[PDB]
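>
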Amino acid sequence: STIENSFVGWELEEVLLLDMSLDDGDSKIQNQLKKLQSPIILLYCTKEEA
Amino acid sequence: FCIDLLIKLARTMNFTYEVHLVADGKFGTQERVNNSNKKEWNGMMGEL
Amino acid sequence: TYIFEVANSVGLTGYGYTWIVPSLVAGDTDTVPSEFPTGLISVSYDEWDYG
Ligand SMILES: *[C@@H]1O[C@H](CO)[C@@H](O)[C@H](O)[C@H]1NC(C)=O
Ligand SMILES: *[C@@H]1O[C@H](CO)[C@@H](O)[C@H](O)[C@H]1NC(C)=O
Numbered sequence: 188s189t190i191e192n193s194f195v196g197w198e199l200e201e202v203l204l205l206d207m208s209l210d211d212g213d214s215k216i217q218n219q220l221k222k223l224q225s226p227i228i229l230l231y232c233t234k235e236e237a
Numbered sequence: 458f459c460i461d462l463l464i465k466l467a468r469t470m471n472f473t474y475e476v477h478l479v480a481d482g483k484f485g486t487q488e489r490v491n492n493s494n495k496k497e498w499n500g501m502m503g504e505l
Numbered sequence: 238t239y240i241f242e243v244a245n246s247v248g249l250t251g252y253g254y255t256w257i258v259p260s261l262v263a264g265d266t267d268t269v270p271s272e273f274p275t276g277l278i279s280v281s282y283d284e285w286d287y288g
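Residue numbers (the entry's author numbering), protein chains in the order written: chain B, 188 to 237; chain A, 458 to 505; chain D, 238 to 288.
(1) For ligand 2, is there a heavy atom less than 7 Å away from the beta-carbon of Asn-491(A)?
(2) Taking the alpha helix (DSSP H) that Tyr-239(D) falls in, what are its first and last residues?
(3) Are the segment 251-264 of chain D and the segment 272-283 of chain D in contact at 8 Å, needing three or more beta carbon pairs?
(4) Cβ of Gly-482(A) within 8 Å of Cβ of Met-501(A)?
(5) Name the two residues that bound the continuous alpha helix (DSSP H) containing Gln-217(B).
(6) So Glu-272(D) and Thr-238(D) are supposed to be a Cβ contact under 8 Å. How far apart are they, rounded?
(7) Are any of the Cβ atoms in chain D nearer than 8 Å to that of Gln-217(B)?
(8) What first and last residue would you give for the alpha helix (DSSP H) that runs through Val-262(D)?
(9) Answer yes if the segment 212-223 of chain B comes into contact with the segment 241-250 of chain D, meaning at least three C-beta pairs across the two stretches below 8 Å, and no otherwise.
(10) In whole angstroms, give me the CA-to-CA distance for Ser-260(D) and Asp-211(B).
(11) Looking at C-alpha atoms only, which residue of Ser-281(D), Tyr-252(D), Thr-250(D) and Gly-251(D) is the closest neighbour of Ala-263(D)?
(12) Strictly under 8 Å for the Cβ-Cβ distance: is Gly-253(D) near chain B by that measure?
(13) Assuming contact is defined by CB atoms lying nearer than 8 Å, are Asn-192(B) and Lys-465(A) in contact in what I supplied?
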């Protein structure tokens, strides 16, 4: 809402949903981790997930 | 031009209509809504 | 075998990923290790037409 509220030319690469309850969840996550090129990443997690 | 164009359209595909002119008389684009923090439309597509 | 394992663990089996290996790398054609990705291309000598 705020990023399009400011109508300057932003560039949102991707948004990620992480599933740590499944061991194969990390392997699934690796596919989009291959798409990690931005130098800045916004993190959302708890400490144990951190 | 638009008037007889829409009457031709009404003659072709048989609709009912009303016509009226806009209040501000202006196109409308992404502009700040009274020095707020919001850039929105106005004019024809503003109310469309 | 280790190379293919690493490749398919990272996810190098996607579209456009074309692999060309000589006969020494691929060994024998009949022996197909499970690490071989689908669409894997190799180059060797004529073993079928050239008896
Ligand atoms: C358009 O054609 C329909 C179908 O016969 C007709 O009922 C209608 O009167 C025409 N236009 C309208 C919506 O009045
Ligand atoms: C302009 O918008 C602000 C809210 O962003 C409002 O508080 C203010 O009263 C408005 N003023 C006019 C003239 O519309």
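The C-beta atom is built at its ideal place from N, Cα and C for all residues, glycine as well.
Well, looking at it:
(1) Yes, ligand 2 has a heavy atom inside 7 Å of this Cβ.
(2) 239-247 is the span of the alpha helix (DSSP H), which, as asked, contains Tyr-239(D).
(3) Enough Cβ pairs lie closer than 8 Å, so yes.
(4) Taking 8 Å as the Cβ cut-off, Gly-482(A) and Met-501(A) do not qualify as a contacting pair.
(5) First-last of the alpha helix (DSSP H) with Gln-217(B): 210-220.
(6) Between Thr-238(D) and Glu-272(D) the Cβ distance is about 5 Å, and since that is below 8 Å, they are a contact.
(7) Chain D contact via Cβ: present.
(8) Residues 260-263.
(9) Yes, the segment 241-250 of chain D touches the segment 212-223 of chain B.
(10) Roughly 35 Å between the two C-alpha positions.
(11) Here the closest residue by C-alpha is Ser-281(D).
(12) For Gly-253(D), the nearest beta carbon of chain B is not closer than 8 Å to its own beta carbon.
(13) Contact flag unset, no.
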